[PDB]
Structure formats: structure tokens, C-alpha cells
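Enquirer: For reference, the file entry-v2.txt (compact mmCIF, C-alpha atoms and all ligand atoms) is included below:
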```
# COMPACT_ATOMS: atom_id res chain seq x y z
CA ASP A 23 -12.47 21.27 13.23
CA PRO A 24 -9.90 24.12 13.14
CA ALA A 25 -8.28 22.52 10.06
CA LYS A 26 -11.09 23.74 7.81
CA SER A 27 -9.93 27.34 8.47
CA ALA A 28 -6.40 26.70 7.16
CA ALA A 29 -5.67 27.59 3.53
CA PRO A 30 -6.49 24.47 1.47
CA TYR A 31 -3.43 22.89 -0.14
CA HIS A 32 -3.02 20.31 -2.88
CA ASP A 33 -0.39 19.31 -5.42
CA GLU A 34 -0.03 16.16 -7.44
CA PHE A 35 2.20 14.59 -10.09
CA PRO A 36 3.20 11.19 -11.47
CA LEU A 37 5.87 9.59 -9.28
CA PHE A 38 6.22 6.21 -11.03
CA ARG A 39 6.15 6.79 -14.76
CA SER A 40 5.26 3.79 -16.95
CA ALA A 41 7.18 2.78 -20.12
CA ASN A 42 4.84 4.75 -22.44
CA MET A 43 5.38 8.10 -20.71
CA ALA A 44 8.06 10.69 -21.43
CA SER A 45 11.00 10.13 -19.05
CA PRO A 46 9.84 6.64 -18.00
CA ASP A 47 11.24 5.41 -14.70
CA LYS A 48 14.09 2.95 -15.10
CA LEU A 49 16.75 1.58 -12.75
CA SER A 50 20.39 2.78 -13.02
CA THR A 51 21.10 -0.61 -14.60
CA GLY A 52 18.85 0.33 -17.55
CA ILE A 53 16.14 -2.13 -16.45
CA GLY A 54 12.72 -0.61 -17.29
CA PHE A 55 9.08 -1.43 -16.48
CA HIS A 56 5.89 -1.59 -18.52
CA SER A 57 3.82 -0.73 -15.45
CA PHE A 58 4.08 0.30 -11.82
CA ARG A 59 1.36 -0.99 -9.50
CA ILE A 60 0.65 -1.72 -5.81
CA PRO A 61 1.95 1.40 -3.97
CA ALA A 62 3.13 1.68 -0.36
CA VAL A 63 4.42 4.81 1.39
CA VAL A 64 5.86 5.63 4.82
CA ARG A 65 7.52 8.64 6.46
CA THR A 66 10.57 7.60 8.47
CA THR A 67 11.50 9.02 11.89
CA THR A 68 13.89 11.44 10.13
CA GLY A 69 11.08 12.86 7.96
CA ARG A 70 12.30 11.17 4.76
CA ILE A 71 9.52 9.67 2.64
CA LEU A 72 9.90 6.19 1.12
CA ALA A 73 7.59 5.19 -1.76
CA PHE A 74 7.43 1.54 -2.86
CA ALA A 75 5.84 -0.15 -5.87
CA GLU A 76 5.78 -3.35 -7.85
CA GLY A 77 7.81 -2.81 -11.01
CA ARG A 78 5.88 -4.97 -13.45
CA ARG A 79 8.47 -5.58 -16.16
CA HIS A 80 6.65 -6.72 -19.30
CA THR A 81 2.90 -6.26 -18.79
CA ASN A 82 0.49 -4.98 -16.16
CA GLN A 83 -0.20 -8.55 -14.93
CA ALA A 84 0.41 -9.73 -11.35
CA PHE A 85 2.51 -12.76 -12.36
CA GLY A 86 5.80 -13.08 -14.26
CA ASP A 87 8.88 -10.91 -13.76
CA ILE A 88 8.07 -8.31 -11.12
CA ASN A 89 10.63 -6.44 -9.03
CA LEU A 90 10.12 -4.41 -5.87
CA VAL A 91 11.17 -0.82 -6.59
CA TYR A 92 11.26 2.41 -4.60
CA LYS A 93 12.08 6.09 -4.46
CA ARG A 94 13.08 8.24 -1.50
CA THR A 95 12.85 11.97 -1.01
CA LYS A 96 16.34 13.40 -1.61
CA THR A 97 16.41 14.96 1.85
CA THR A 98 14.68 14.33 5.17
CA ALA A 99 13.06 17.78 5.02
CA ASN A 100 11.70 18.37 1.50
CA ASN A 101 8.46 16.39 2.06
CA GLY A 102 8.34 15.28 -1.59
CA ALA A 103 6.73 18.60 -2.56
CA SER A 104 7.89 18.65 -6.20
CA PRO A 105 9.27 16.18 -8.78
CA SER A 106 12.84 17.42 -8.20
CA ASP A 107 12.54 16.52 -4.49
CA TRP A 108 12.57 12.80 -5.34
CA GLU A 109 15.54 10.52 -6.03
CA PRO A 110 15.66 8.38 -9.18
CA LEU A 111 14.14 4.87 -9.11
CA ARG A 112 15.95 2.26 -7.04
CA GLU A 113 15.40 -1.44 -6.34
CA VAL A 114 14.75 -3.23 -3.05
CA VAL A 115 14.82 -6.70 -4.63
CA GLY A 116 14.65 -8.05 -8.18
CA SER A 117 16.34 -11.48 -8.12
CA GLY A 118 15.11 -14.05 -10.64
CA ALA A 119 12.13 -13.82 -12.99
CA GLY A 120 9.50 -14.52 -10.33
CA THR A 121 7.25 -12.02 -8.57
CA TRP A 122 8.42 -9.79 -5.72
CA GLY A 123 5.42 -7.77 -4.54
CA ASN A 124 2.79 -6.67 -2.02
CA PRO A 125 4.99 -4.02 -0.36
CA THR A 126 3.88 -3.62 3.28
CA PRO A 127 6.30 -1.35 5.18
CA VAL A 128 6.30 -0.22 8.78
CA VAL A 129 8.73 2.19 10.49
CA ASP A 130 9.95 1.04 13.91
CA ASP A 131 10.95 3.29 16.86
CA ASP A 132 14.71 3.06 16.13
CA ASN A 133 14.02 3.99 12.46
CA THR A 134 14.48 0.45 11.23
CA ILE A 135 12.14 0.32 8.24
CA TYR A 136 10.67 -3.18 7.93
CA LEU A 137 9.23 -4.17 4.55
CA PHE A 138 7.12 -7.34 4.35
CA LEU A 139 6.72 -8.75 0.85
CA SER A 140 5.01 -11.60 -0.96
CA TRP A 141 6.87 -13.79 -3.48
CA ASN A 142 5.99 -16.46 -6.02
CA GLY A 143 7.98 -18.34 -8.66
CA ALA A 144 8.46 -17.28 -12.28
CA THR A 145 6.24 -20.03 -13.67
CA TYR A 146 3.30 -19.81 -11.25
CA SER A 147 0.22 -17.59 -11.09
CA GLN A 148 -2.82 -17.27 -8.80
CA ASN A 149 -5.18 -18.77 -11.41
CA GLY A 150 -2.76 -20.90 -13.43
CA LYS A 151 -2.80 -21.34 -17.22
CA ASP A 152 -1.84 -17.70 -17.79
CA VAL A 153 0.45 -17.06 -20.77
CA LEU A 154 3.86 -15.50 -20.10
CA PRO A 155 5.60 -13.21 -22.65
CA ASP A 156 7.65 -16.13 -24.03
CA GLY A 157 4.55 -18.33 -24.55
CA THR A 158 5.10 -20.44 -21.39
CA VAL A 159 1.85 -21.34 -19.61
CA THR A 160 1.90 -20.87 -15.82
CA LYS A 161 1.06 -23.51 -13.24
CA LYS A 162 -1.53 -22.61 -10.61
CA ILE A 163 -0.09 -21.49 -7.26
CA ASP A 164 -0.27 -24.54 -5.01
CA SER A 165 0.70 -25.74 -1.52
CA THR A 166 4.19 -27.02 -2.50
CA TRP A 167 7.33 -25.15 -1.37
CA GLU A 168 8.13 -24.24 -5.00
CA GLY A 169 4.56 -23.33 -5.96
CA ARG A 170 3.18 -21.51 -2.91
CA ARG A 171 3.20 -17.83 -2.08
CA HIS A 172 6.05 -16.99 0.29
CA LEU A 173 6.30 -14.23 2.86
CA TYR A 174 9.59 -12.33 2.94
CA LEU A 175 11.06 -9.66 5.19
CA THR A 176 13.71 -7.11 4.34
CA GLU A 177 14.73 -4.06 6.35
CA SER A 178 16.74 -0.83 6.10
CA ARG A 179 18.93 0.56 8.89
CA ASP A 180 20.03 3.66 6.94
CA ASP A 181 16.77 5.57 6.29
CA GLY A 182 15.91 3.51 3.22
CA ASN A 183 19.29 3.95 1.48
CA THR A 184 20.04 0.19 1.44
CA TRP A 185 18.04 -2.98 2.04
CA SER A 186 18.96 -6.46 3.26
CA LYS A 187 18.54 -9.49 1.00
CA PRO A 188 14.97 -10.52 1.90
CA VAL A 189 14.64 -13.34 4.45
CA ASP A 190 12.01 -16.03 3.92
CA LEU A 191 9.62 -16.08 6.90
CA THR A 192 6.95 -18.32 5.30
CA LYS A 193 7.42 -21.28 7.66
CA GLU A 194 7.25 -18.93 10.68
CA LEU A 195 4.41 -16.59 9.72
CA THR A 196 2.26 -18.29 7.08
CA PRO A 197 0.08 -21.23 8.16
CA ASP A 198 1.17 -24.63 6.84
CA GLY A 199 -0.64 -25.97 3.79
CA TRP A 200 -1.45 -22.52 2.36
CA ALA A 201 -1.06 -21.91 -1.36
CA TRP A 202 -2.09 -18.34 -2.19
CA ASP A 203 -1.08 -15.67 0.34
CA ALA A 204 -0.81 -11.88 0.55
CA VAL A 205 0.60 -9.33 2.97
CA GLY A 206 -1.02 -5.88 2.93
CA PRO A 207 -0.33 -4.30 0.52
CA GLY A 208 0.12 -0.77 1.88
CA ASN A 209 1.43 -0.44 5.44
CA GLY A 210 1.73 -1.79 8.94
CA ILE A 211 1.45 0.28 12.11
CA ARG A 212 3.09 0.86 15.51
CA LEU A 213 0.61 0.93 18.41
CA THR A 214 0.52 3.47 21.26
CA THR A 215 1.42 0.46 23.43
CA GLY A 216 4.57 -0.30 21.43
CA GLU A 217 3.79 -3.36 19.26
CA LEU A 218 3.85 -3.54 15.46
CA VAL A 219 0.80 -4.80 13.56
CA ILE A 220 1.10 -5.83 9.91
CA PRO A 221 -2.13 -6.76 8.09
CA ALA A 222 -2.10 -9.94 6.00
CA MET A 223 -4.47 -12.46 4.41
CA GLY A 224 -6.61 -14.04 7.14
CA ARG A 225 -4.32 -12.83 9.93
CA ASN A 226 -2.32 -10.06 11.54
CA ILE A 227 1.44 -10.30 11.97
CA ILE A 228 2.40 -8.93 15.38
CA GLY A 229 5.84 -7.62 16.30
CA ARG A 230 6.85 -7.43 19.96
CA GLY A 231 10.01 -6.48 21.86
CA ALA A 232 12.98 -4.32 20.94
CA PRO A 233 12.49 -1.84 18.04
CA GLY A 234 14.15 -3.17 14.88
CA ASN A 235 14.73 -6.48 16.65
CA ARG A 236 11.15 -7.73 16.95
CA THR A 237 9.79 -11.17 17.78
CA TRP A 238 7.03 -11.91 15.27
CA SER A 239 3.87 -13.95 15.83
CA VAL A 240 0.61 -14.63 13.99
CA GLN A 241 -2.83 -13.49 15.12
CA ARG A 242 -5.34 -15.64 13.20
CA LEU A 243 -8.56 -13.88 12.24
CA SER A 244 -11.98 -15.26 11.34
CA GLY A 245 -13.56 -13.91 8.15
CA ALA A 246 -10.75 -11.50 7.18
CA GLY A 247 -9.94 -10.62 3.57
CA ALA A 248 -6.90 -11.34 1.42
CA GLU A 249 -5.95 -7.65 1.21
CA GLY A 250 -6.31 -6.04 4.63
CA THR A 251 -5.63 -2.66 6.21
CA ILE A 252 -5.04 -1.92 9.88
CA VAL A 253 -5.33 1.16 12.03
CA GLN A 254 -5.42 1.95 15.72
CA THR A 255 -8.55 4.02 16.29
CA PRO A 256 -8.66 7.00 18.74
CA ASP A 257 -10.03 4.63 21.45
CA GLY A 258 -6.78 2.61 21.21
CA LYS A 259 -8.50 -0.42 19.70
CA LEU A 260 -7.57 -2.11 16.43
CA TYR A 261 -9.55 -1.82 13.24
CA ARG A 262 -9.27 -4.05 10.18
CA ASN A 263 -10.74 -2.62 7.00
CA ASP A 264 -10.46 -5.20 4.24
CA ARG A 265 -11.15 -5.57 0.54
CA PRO A 266 -14.35 -7.60 0.07
CA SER A 267 -14.26 -10.90 -1.89
CA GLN A 268 -17.07 -9.59 -4.11
CA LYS A 269 -17.83 -6.00 -5.16
CA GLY A 270 -19.90 -3.93 -2.74
CA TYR A 271 -18.52 -2.61 0.55
CA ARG A 272 -15.40 -2.57 2.74
CA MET A 273 -15.39 -5.32 5.36
CA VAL A 274 -14.66 -4.03 8.87
CA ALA A 275 -13.76 -5.75 12.16
CA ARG A 276 -12.63 -4.31 15.49
CA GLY A 277 -10.55 -5.82 18.26
CA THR A 278 -7.30 -5.87 20.21
CA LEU A 279 -4.13 -7.97 20.36
CA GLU A 280 -6.29 -10.47 22.30
CA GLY A 281 -8.74 -10.98 19.41
CA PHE A 282 -11.25 -9.43 17.02
CA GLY A 283 -15.02 -9.48 16.62
CA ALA A 284 -16.77 -10.40 13.37
CA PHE A 285 -16.17 -8.73 10.01
CA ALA A 286 -19.21 -6.97 8.56
CA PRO A 287 -19.78 -4.74 5.53
CA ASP A 288 -19.53 -1.04 6.24
CA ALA A 289 -22.50 0.39 4.34
CA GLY A 290 -20.91 3.86 4.43
CA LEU A 291 -17.89 2.61 2.46
CA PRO A 292 -18.72 1.26 -1.01
CA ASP A 293 -15.84 -0.55 -2.71
CA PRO A 294 -15.51 -2.25 -6.12
CA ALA A 295 -13.43 -5.16 -4.71
CA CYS A 296 -10.14 -3.25 -4.66
CA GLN A 297 -7.37 -2.52 -2.14
CA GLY A 298 -7.84 0.53 0.15
CA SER A 299 -5.72 2.52 2.63
CA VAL A 300 -6.22 3.89 6.15
CA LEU A 301 -4.18 6.31 8.28
CA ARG A 302 -4.10 7.36 11.92
CA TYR A 303 -3.77 11.15 11.72
CA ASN A 304 -3.85 12.43 15.34
CA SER A 305 -5.24 11.54 18.78
CA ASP A 306 -5.70 14.97 20.39
CA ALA A 307 -9.05 16.79 19.93
CA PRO A 308 -10.33 16.45 17.35
CA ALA A 309 -8.93 12.94 16.79
CA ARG A 310 -8.97 11.87 13.14
CA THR A 311 -8.70 8.68 11.08
CA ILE A 312 -8.25 9.04 7.30
CA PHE A 313 -9.58 6.53 4.74
CA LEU A 314 -8.98 6.23 0.99
CA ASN A 315 -10.50 3.91 -1.61
CA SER A 316 -12.61 4.02 -4.73
CA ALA A 317 -16.03 5.01 -3.36
CA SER A 318 -18.06 2.90 -5.81
CA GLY A 319 -19.57 -0.55 -5.98
CA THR A 320 -18.44 -0.97 -9.61
CA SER A 321 -15.56 1.37 -10.59
CA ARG A 322 -11.97 1.96 -9.45
CA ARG A 323 -12.20 5.54 -10.82
CA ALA A 324 -14.09 7.04 -7.86
CA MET A 325 -11.14 7.77 -5.54
CA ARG A 326 -12.34 9.46 -2.35
CA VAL A 327 -10.38 10.52 0.74
CA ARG A 328 -12.42 10.74 3.99
CA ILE A 329 -12.14 11.68 7.66
CA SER A 330 -13.68 9.95 10.68
CA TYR A 331 -13.94 11.71 14.03
CA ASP A 332 -15.39 8.64 15.77
CA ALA A 333 -13.40 7.00 18.58
CA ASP A 334 -13.97 3.67 16.82
CA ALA A 335 -14.06 5.08 13.26
CA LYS A 336 -17.75 4.04 12.99
CA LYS A 337 -18.56 6.66 10.33
CA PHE A 338 -16.50 8.57 7.77
CA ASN A 339 -17.62 11.84 6.19
CA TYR A 340 -18.25 12.13 2.45
CA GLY A 341 -14.71 13.52 2.18
CA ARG A 342 -13.40 14.71 -1.19
CA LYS A 343 -13.10 13.20 -4.67
CA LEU A 344 -9.48 13.11 -5.83
CA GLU A 345 -10.77 14.12 -9.28
CA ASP A 346 -11.35 17.62 -7.79
CA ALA A 347 -7.55 17.93 -8.18
CA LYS A 348 -7.12 15.87 -11.35
CA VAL A 349 -3.75 14.95 -12.89
CA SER A 350 -3.40 15.21 -16.67
CA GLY A 351 -1.17 13.01 -18.86
CA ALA A 352 -0.88 10.06 -16.47
CA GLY A 353 -3.97 8.04 -17.48
CA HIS A 354 -7.25 7.47 -15.64
CA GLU A 355 -6.60 7.71 -11.90
CA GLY A 356 -7.97 5.06 -9.61
CA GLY A 357 -7.02 1.78 -7.95
CA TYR A 358 -4.76 0.76 -5.05
CA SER A 359 -3.55 3.51 -2.74
CA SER A 360 -1.31 4.25 0.25
CA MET A 361 -1.17 7.17 2.68
CA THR A 362 1.36 8.73 5.06
CA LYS A 363 1.57 11.92 7.08
CA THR A 364 4.26 14.31 5.89
CA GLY A 365 6.54 16.48 8.02
CA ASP A 366 4.81 19.65 6.85
CA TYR A 367 1.31 18.79 8.11
CA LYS A 368 -0.02 17.28 4.88
CA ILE A 369 -1.27 13.86 3.87
CA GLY A 370 0.82 12.18 1.16
CA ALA A 371 -0.95 9.62 -1.02
CA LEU A 372 0.17 7.25 -3.76
CA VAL A 373 -2.64 6.31 -6.15
CA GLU A 374 -2.65 3.93 -9.12
CA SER A 375 -3.62 5.19 -12.57
CA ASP A 376 -4.43 3.30 -15.79
CA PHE A 377 -3.88 4.56 -19.35
CA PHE A 378 -6.38 1.89 -20.52
CA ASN A 379 -4.73 1.87 -23.99
CA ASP A 380 -5.42 -1.88 -24.17
CA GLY A 381 -8.71 -1.70 -22.22
CA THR A 382 -8.74 -4.40 -19.52
CA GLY A 383 -5.92 -6.17 -21.43
CA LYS A 384 -2.35 -6.85 -20.24
CA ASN A 385 -0.73 -4.06 -22.29
CA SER A 386 -2.58 -1.19 -20.60
CA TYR A 387 0.16 0.95 -19.04
CA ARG A 388 -0.14 1.61 -15.29
CA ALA A 389 1.44 4.57 -13.51
CA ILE A 390 1.45 5.83 -9.92
CA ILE A 391 0.45 9.36 -8.87
CA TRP A 392 1.84 11.13 -5.78
CA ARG A 393 -0.53 13.53 -4.05
CA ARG A 394 -0.11 15.94 -1.18
CA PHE A 395 -3.10 17.63 0.42
CA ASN A 396 -3.99 19.01 3.83
CA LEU A 397 -7.04 18.39 6.03
CA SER A 398 -8.40 21.77 4.90
CA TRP A 399 -8.44 20.58 1.30
CA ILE A 400 -10.53 17.54 2.28
CA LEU A 401 -12.93 19.53 4.47
CA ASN A 402 -13.57 22.24 1.88
CA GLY A 403 -14.72 19.70 -0.72
CA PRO A 404 -18.03 20.73 -2.35
CA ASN A 405 -19.83 17.44 -1.64
CA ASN A 406 -19.25 17.56 2.15
CL CL B 1 6.20 -4.66 22.33
NA NA B 2 13.27 -10.00 -11.46
```
Show this structure as C-alpha cells.

Expert:
Amino acid sequence: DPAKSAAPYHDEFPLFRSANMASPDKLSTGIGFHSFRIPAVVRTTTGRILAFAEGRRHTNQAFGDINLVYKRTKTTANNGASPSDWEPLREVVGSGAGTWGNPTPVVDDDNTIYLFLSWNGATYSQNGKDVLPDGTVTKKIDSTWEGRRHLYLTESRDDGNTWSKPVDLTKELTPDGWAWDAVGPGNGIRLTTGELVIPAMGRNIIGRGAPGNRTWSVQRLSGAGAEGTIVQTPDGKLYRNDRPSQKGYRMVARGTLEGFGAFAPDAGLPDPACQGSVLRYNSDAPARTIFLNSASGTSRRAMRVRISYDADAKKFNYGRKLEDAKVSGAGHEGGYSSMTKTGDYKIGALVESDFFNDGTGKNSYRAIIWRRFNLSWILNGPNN
């Protein structure tokens, strides 16, 4: 791999700064956020980078008032290299006091940026009986229109500058009778053959036809997770790499738009039951797929980026621990992640971090780190 011979490069800094940090990220309206969680990042066809997160208003919890926030690079060419390269915090959607989340973007050929999102009402939570800031007790998410998880789509036609009011696609793209649902979170993909594939709970969402004017359909999957990732491997096949229901290992299945085989644990990819991210890097020799998760059966604080050279991504290398290039002052790094290629031949990664000031409790501030590193940096890691 010629990349190992390049000068290794890394830089990293907080991109979404929680309420407890100096210069916390707030909207121009003055609306602030206790925590930022659930990152998603894409590079547009112009080279601009768009970073999305859930703005969790009052606590770090997944229910209650949560808005979908974002930042863009100020120009199409700066590659988000330094803090001053990034615009201030903006909002995709924040209507009501319910939950707008699970950002799952994909960039189409015409530069339409699609962003699939999950939604639930202000008074509902996955488990039910959770206490809201005002003392209200939530109802459990159920199969009713009011109480179920919805699937929404918004898009941008101006390189992420503005977003449409999200359109509810639940009846079209979520099976009837479902209560809980999730899309991504992280990213969808565009195949060599032209289709879009967006990973979701128990299914893929497939986009066909004209870029930025797609016809959507559902590909049901057997044994898929709630939080899935998708990549097209060097062989042109599809690859689902999903969060397991119980701690242990990533669950992997391979297939095509005609169907997938069975999901099975990948023993080379330990996972503590957490979201992960995957990225198609290049198809020419040597072809590479990149993977990022917490490489541990128990902890989210073992973030590891890896490379596979396999046509079907059978095996990933040890890779490199992100702690080799640690960030100070932004809490304990580790959790959900998202990766993009940059325009200057780097990998850009968003990674959750937890101050843990309230332990596992709701008041522990959560921030999001932005990393840039090249293949050389990964390959020159001391553990492989
Ligand atoms: Cl198509
Ligand atoms: Na809101």
C-alpha cells in the first residue's frame, strides 16, 4: 500500500460543543443544547462538508425536545481543516418539542443532499415511563399514528445552505403496524450502478431513477439490526454492518439489490452494542473499505479506525486507536461515529465524546469531535 509512505497526517478538535464548554454551540436564535449526539457527515459534489447532529436540548437523553442541527464548511475548498473553517451552528428542523433525530444523509449525483430522519412525539419514548424535565412521564412508543416512530425526508438543493420542511414518508417506507423505528444513523450511499441505498431498521431504503428526483422503495431484510450501516464493497456487492442487539460483535450480511444472505457476527469486529460507521474509500488497486467503531465488547471508549483490502471486506486490519491522537478538554471520546472522504485526500470523522460528569446519568454533557487523518496515519499505527 503506497499510502503508508505518505507523511502521516492527523488533526482533531471539538466541532459540536456542549453547554458546559467554553463557547458552547448555540443557534442564531439563542437556542442552546445540553448535548450533541448522533453524528452524520457527508462531502457534497462541490467539496463542501456537511456535519449533522441531534441537538439534545435539556439532557443527553434520546427522548424529549431534540432538534436536528448542522454545520457546513465555510467554503467548498477548505476541507474543514481548522475550527475557523466551519460555519456557526444552524438548524435543519426543530419544530415542536418532540424528537427530530437519526440523521442519515446521502449526496445524489446532481448534488441534491437527501437527509432521512426519524421523529417521535414530545410525550413518547422508546421505553415509556421516562421522566421529562417538567415532571411529565412519557408514554411508550406504540403503533398508533401519534405514538409511533415516523420516517421523514428533507433535502437541500443549494449545497446544504437551506433545507425543505421535512416530508413524512412513514406510510410509504415504514412497514404498517411498526412502533419503534430507526434510519441509520450515519449515511446512505450511491452505488456504482446508480441507485441510492439508505440503511434502516430491518430494511434498506432504495432510491432509483433521476438524481434528486428518486423513486423510493423498501428492501426488507431478515435478521438485520435497528442501527445499520451500508457500503458497496470492491466486488460491487452490498454489505450491511449492523449494531448487535446484545454486546459482542458487529453483525454482517452481504447481498445485492435482489436480496441478502444471513447476518452473522464478525469475530474480527468486537462491538459494545453501539452504532458504527463504514466508508468506501477507493476501487482502484489497492481497493479499500474503512470501518470505525469502538473495538471492545464492553466499552464505547475503544474507538478504532480500520482498513479492509478484501473484495468483500471479509477482514479488517487492526487499524489505529483514535486515542493515539487524543483530544483534550472535550470529555472521554467514544460512541457513535460517521466518516466521509475529504477533498484533500483525508478521511474526516465525527466521533461522540462524553464528559461523564453525571456518570451514566442524564446530565452528563455530550460533545462531538471532528477528526481528519490520512491512510498513512492509520497504517503507521503501532499496533498494526
Ligand atoms: Cl437508478
Ligand atoms: Na424542538

Enquirer: Give me the segment 197-247 of chain A side of the contact with segment 138-149 of chain A, cut-off 8 Å, one line per residue showing its nearest atom pair and distance in Å at one decimal, counting only C-alpha atoms, sorted by chain and residue number, as CSV.

Expert:
```
residue,atom,partner,partner_atom,distance
A:202,CA,A:148,CA,6.7
A:203,CA,A:140,CA,7.4
A:204,CA,A:140,CA,6.0
A:205,CA,A:140,CA,6.3
```

Enquirer: Ligand NA 2 (chain B): which residues are within 10 Å, counting only C-alpha atoms and all ligand atoms, as a PyMOL selection string?

Expert: chain A and resi 53+77-79+86-90+115-122+144

Enquirer: Determine the nearest neighbour of residue 101 of chain A from the options A:360, A:45, A:382, A:68, counting only C-alpha atoms.

Expert: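 Nearest candidate to residue 101 of chain A out of A:360, A:45, A:382, A:68: A:68.
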
Enquirer: Enumerate residues in contact with ligand CL 1 (chain B): an atom-to-atom distance of at most 12 Å, counting only C-alpha atoms and all ligand atoms. Format the result as a short mmCIF file (atom, residue, chain, number, x, y, z; two decimals) with C-alpha atoms, in the frame of the given file.

Expert:
```
data_model
loop_
_atom_site.label_atom_id
_atom_site.label_comp_id
_atom_site.auth_asym_id
_atom_site.auth_seq_id
_atom_site.Cartn_x
_atom_site.Cartn_y
_atom_site.Cartn_z
CA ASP A 130 9.95 1.04 13.91
CA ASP A 131 10.95 3.29 16.86
CA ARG A 212 3.09 0.86 15.51
CA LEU A 213 0.61 0.93 18.41
CA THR A 214 0.52 3.47 21.26
CA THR A 215 1.42 0.46 23.43
CA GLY A 216 4.57 -0.30 21.43
CA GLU A 217 3.79 -3.36 19.26
CA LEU A 218 3.85 -3.54 15.46
CA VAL A 219 0.80 -4.80 13.56
CA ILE A 228 2.40 -8.93 15.38
CA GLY A 229 5.84 -7.62 16.30
CA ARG A 230 6.85 -7.43 19.96
CA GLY A 231 10.01 -6.48 21.86
CA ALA A 232 12.98 -4.32 20.94
CA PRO A 233 12.49 -1.84 18.04
CA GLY A 234 14.15 -3.17 14.88
CA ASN A 235 14.73 -6.48 16.65
CA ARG A 236 11.15 -7.73 16.95
CA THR A 237 9.79 -11.17 17.78
CA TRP A 238 7.03 -11.91 15.27
CA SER A 239 3.87 -13.95 15.83
CA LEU A 279 -4.13 -7.97 20.36
#
```

Enquirer: Pick out the closest residue to residue 49 of chain A from this set: A:71, A:99, A:111, A:314. Count all atoms listed in the file.

Expert: A:111

Enquirer: For atom CA of residue 97 of chain A and atom CA of residue 37 of chain A, quote the distance in Å rounded to one decimal.

Expert: 16.2 Å

Enquirer: Can you pull out the residues contacting residue 254 of chain A? Cut-off 7 Å, using only C-alpha atoms, and skip same-chain residues under 6 positions away; I want them as a list in words.

Expert: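 Here the answer would be residues 213, 260, 261 and 302 of chain A.
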